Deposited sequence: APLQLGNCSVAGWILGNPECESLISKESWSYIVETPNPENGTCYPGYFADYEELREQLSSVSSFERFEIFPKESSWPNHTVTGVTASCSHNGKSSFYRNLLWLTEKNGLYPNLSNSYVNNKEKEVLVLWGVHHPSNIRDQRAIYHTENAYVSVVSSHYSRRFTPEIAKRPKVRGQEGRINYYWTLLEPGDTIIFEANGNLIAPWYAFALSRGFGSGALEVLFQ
């Protein structure tokens, strides 16, 4: 059994700061859980219930680093933290994701790829940030209309950031929708974007999922 405790599946998989421990087992038969949906930053988790089906029984789990914090992001700023995600008393962010923002006042086109050479199915997770107004949008990413494209041999989708005044949730009126896919052995996944990308930092490899 996998012990999550005060955490949930969403918090554990994204690397919610309050779920820093309990990466625990390399295999398990059932998941032990019982928190504002578990997502630090407000948003909509895509196919969350289906993801719980896949992860409820696995045999060869592993958390690895799909895009190192350095080098893998030569341009763009990767230190983004927010009050919503807080470890102890300081601002933080997801352990497995990075908030990409301004670097020297520019947001160059993003294109980075990774080939699953681990002989297992790979679970990659990313996010799409949605600013509340356009001035803040331009303050971070410097593009009025941005795109995020995630493509592999068995997955493809382009994202458009919808910018509108939203009611503050958890002190935040912005949103980050989270999305996940499974990458088959040898398959290649590419992330293309010009803004609003919560870049993947840590991914996962597993079997029976």
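Enquirer: Where are the holes in the model when you compare it to the deposited sequence?
Expert: Holes in the chain trace, numbered from 1: 1, 36-37, 213-223.
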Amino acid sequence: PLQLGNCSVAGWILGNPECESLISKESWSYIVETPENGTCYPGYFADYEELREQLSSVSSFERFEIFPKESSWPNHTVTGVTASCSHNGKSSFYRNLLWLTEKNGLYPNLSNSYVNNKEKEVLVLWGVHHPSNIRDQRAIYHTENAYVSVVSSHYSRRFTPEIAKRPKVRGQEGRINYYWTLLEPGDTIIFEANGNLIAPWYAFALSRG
From here on, numbers count along this sequence of modelled residues.
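Enquirer: When the other structures of this protein are compared, and only where the residues around it are present, is residue 37 absent from a third or more of them?
Expert: Yes: coordinates for residue 37 absent from at least a third of the compared entries.
Enquirer: May I ask you to compare 157-165 and 62-70 by their mean CA B factor in the entry and name the higher one?
Expert: Looking at the recorded C-alpha B-factors, 157-165 comes out higher on average.
Enquirer: Higher average CA B factor in the deposited record is what I'm after, so tell me if that's 101-109 or 78-86.
Expert: Result of the comparison: 101-109.
Enquirer: Highest Cα B-factor in the PDB entry belongs to which of 177, 29, 181, 152?
Expert: Each of 177, 29, 181, 152 was compared by C-alpha B-factor; the highest is 29.
Enquirer: Select lowest, middle or highest to describe the third in which the CA B-factor of residue 24 falls within its chain in this entry.
Expert: Tercile = highest for this residue's CA B-factor.
Enquirer: Rank-wise, by C-alpha B-factor, drop residue 9 into the lowest, middle or highest third of its chain.
Expert: Answer is highest: the recorded C-alpha B-factor places it there.
Enquirer: Taking the C-alpha B-factors as the PDB entry records them, is residue 188 in the lowest, middle or highest third of its chain?
Expert: Its C-alpha B-factor belongs to the middle third of this chain's values.
Enquirer: Would you check the entry's CA temperature factor for residue 196 and let me know if it's in the chain's lowest, middle or highest third?
Expert: Lowest third.
Enquirer: Going by the CA temperature factor in the PDB record, which third of the chain does residue 115 belong to: lowest, middle or highest?
Expert: Ranked within chain, residue 115 CA B lands in the middle tercile.
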